[PDB]
J.: 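First, the structure itself, so that you have it in front of you.
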Amino acid sequence: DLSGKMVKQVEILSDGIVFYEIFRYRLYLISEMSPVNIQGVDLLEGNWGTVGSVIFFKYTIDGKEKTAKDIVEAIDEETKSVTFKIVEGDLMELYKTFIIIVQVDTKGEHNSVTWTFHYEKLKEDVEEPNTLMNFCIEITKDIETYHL
Ligand SMILES: [Cl-]
């Protein structure tokens, strides 16, 4: 009831392999590639690209500065997937639980990035995370257009 799921697949022009490299091992590059959206990506514990690593994000949503602390809960290298669980931050005032999965289809033929949110709202009247999903799609477009 308070439970929800949201899925968006977007086709990318850029190399899926580089998208996965970013999201697994070089996540700090997103501050450079989507500087309107992301002001800081700071590793707090562990190492980049390892399950159990803890990462702090400074980001802007609707011109408001927000933060989150996330743990990397899962990595699947064969499917090119990484699962982030948000443990602290502005989102935790609206959601009890929030999990973000990013998965890159690297056929090479055509490449795409699928974003999945699994969340538990604190109340029934809390909104579905549409704005966050728009935010994630904007970062994807910023990343794929960064090379040009
Ligand atoms: Cl690992």
Side-chain angles (χ1 to χ4, degrees), residues 4-12 14-95 97-106 108-109 111-121 126 128-148:
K5 167 184 201 181
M6 189 183 302
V7 187
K8 180 84 177 166
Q9 175 186 320
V10 278
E11 305 291 306
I12 55 167
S14 86
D15 195 329
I17 291 163
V18 74
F19 247 98
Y20 194 60
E21 175 76 356
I22 290 168
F23 280 89
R24 182 170 179 188
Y25 285 119
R26 305 192 65 201
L27 194 66
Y28 52 81
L29 289 176
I30 70 174
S31 312
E32 181 185 281
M33 299 180 181
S34 190
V36 179
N37 299 303
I38 304 288
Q39 289 69 62
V41 184
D42 301 297
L43 181 74
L44 301 181
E45 294 301 359
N47 229 311
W48 300 106
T50 65
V51 164
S53 64
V54 176
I55 295 165
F56 177 75
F57 296 91
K58 293 160 56 227
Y59 67 103
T60 301
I61 261 278
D62 287 354
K64 280 186 293 298
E65 290 181 358
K66 287 185 192 317
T67 65
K69 195 171 85 174
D70 293 13
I71 297 171
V72 184
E73 91 168 14
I75 288 169
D76 179 337
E77 61 88 4
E78 190 64 31
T79 65
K80 297 198 175 278
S81 192
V82 182
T83 305
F84 298 90
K85 173 192 211 173
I86 306 169
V87 300
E88 304 203 332
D90 295 84
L91 278 160
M92 296 294 94
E93 305 179 338
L94 297 182
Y95 304 95
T97 308
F98 209 111
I99 306 302
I100 296 169
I101 311 155
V102 192
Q103 184 265 321
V104 180
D105 184 335
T106 274
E109 165 184 44
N111 289 175
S112 69
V113 180
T114 304
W115 289 90
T116 307
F117 298 170
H118 294 290
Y119 52 94
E120 176 72 359
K121 303 169 176 182
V126 156
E128 165 186 32
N130 295 303
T131 304
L132 193 61
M133 183 57 80
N134 284 334
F135 172 95
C136 297
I137 298 169
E138 290 156 16
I139 294 169
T140 303
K141 288 160 169 167
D142 286 335
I143 290 164
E144 69 181 306
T145 59
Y146 187 80
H147 73 285
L148 307 165

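We're numbering straight along the sequence, starting at 1. The figures here come from the full heavy-atom set of this structure, side chains too, leaving out hydrogens, waters and symmetry mates.
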J.: Write down the atom of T60, the atom of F135, and the distance for their closest heavy-atom approach.
T.: O-CE1, 3.3 Å
J.: For the side chain of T145 and the backbone of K141, is there at least one donor-acceptor N/O pair under 3.5 Å apart?
T.: yes
J.: Are more than 12 heavy atoms, taken from residues, nucleotides or ligands other than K85, located less than 6.0 Å from that residue's NZ atom?
T.: no
J.: Within a reach of under 6.0 Å around CD of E45, are more than 12 heavy atoms found that belong to other residues, nucleotides or ligands?
T.: no
J.: Would you say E88 and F56 make side-chain contact, with heavy atoms under 4.5 Å?
T.: no
J.: Would you name the heavy atoms of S14 and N111 that are closest together and state the gap between them?
T.: O-OD1, 3.9 Å
J.: For the CD1 atom of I139 and the OH atom of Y59, what is their distance to the nearest 0.5 Å?
T.: 9.5 Å
J.: Quick one: does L43's side chain get under 4.5 Å of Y28's, heavy atoms only?
T.: no
J.: Can you name the closest pair of heavy atoms from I22 and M33 and give their distance?
T.: CD1-SD, 3.8 Å
J.: Nearest 0.5 Å, what's the OG1-CD1 distance between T140 and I30?
T.: 9.0 Å
J.: Using side-chain contact (heavy atoms from CB on, under 4.5 Å), reason through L27 and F57 one step at a time and then give a plain yes or no.
T.: CA-CA 10 Å; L27 194 66; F57 296 91; 3.4 Å; yes
J.: Mark yes or no for whether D62, through its side chain, and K64, through its backbone, hold a donor-acceptor pair below 3.5 Å.
T.: no
J.: If the test is side chain to side chain contact (heavy atoms under 4.5 Å, CB included), which one of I86, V87, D70 qualifies with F98?
T.: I86
J.: Atom CG in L91, atom CD1 in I100: separation rounded to 0.5 Å?
T.: 7.0 Å
J.: Can you tell me how far apart OG1 (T67) and CD (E65) are? Round to the nearest 0.5 Å.
T.: 10.0 Å
J.: Could you go step by step and tell me if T106 and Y20 meet the side-chain contact (heavy atoms from CB on, under 4.5 Å) rule?
T.: CA-CA 9 Å; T106 274; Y20 194 60; 5.7 Å; no
J.: How close do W48 and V41 get, heavy atom to heavy atom, and via which atoms?
T.: CH2-O, 3.7 Å
J.: Taking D76 for its side chain and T79 for its backbone only, find out whether a donor-acceptor pair lies under 3.5 Å.
T.: yes
J.: If every non-hydrogen atom of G46 is compared with every non-hydrogen atom of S53, which pair is closest and at what distance?
T.: CA-CB, 4.3 Å
J.: Answer yes if the ring centres of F23 and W115 are under 6.0 angstrom apart, and no otherwise.
T.: yes
J.: Once you round to the nearest 0.5 Å, how far does NZ of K69 lie from CD1 of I55?
T.: 12.0 Å
J.: How far does NE2 of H118 sit from CD1 of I99, to the nearest 0.5 angstrom?
T.: 8.5 Å
J.: Heavy atoms, side chains only, cut-off 4.5 Å: are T116 and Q103 in contact?
T.: no
J.: Is there a side-chain contact between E32 and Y146, using heavy atoms and a 4.5 Å cut-off?
T.: yes
J.: Under the side-chain contact (heavy atoms from CB on, under 4.5 Å) criterion, do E128 and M133 qualify, and how do the steps go?
T.: CA-CA 10 Å; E128 165 186 32; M133 183 57 80; over 6 Å; no
J.: Which atoms form the tightest heavy-atom contact between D90 and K66, and what is the distance?
T.: OD1-CA, 3.3 Å
J.: So do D105 and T114 actually touch side chain to side chain, heavy atoms under 4.5 Å?
T.: no
J.: For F84 and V72, what are the C-alpha separation, side-chain angles and deciding distance, and is it a side-chain contact (heavy atoms from CB on, under 4.5 Å)?
T.: CA-CA 5 Å; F84 298 90; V72 184; 4.1 Å; yes
J.: Say whether, by atom type as modelled, one donor and one acceptor occur between the side chain of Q39 and the main chain of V36 under 3.5 angstrom.
T.: yes
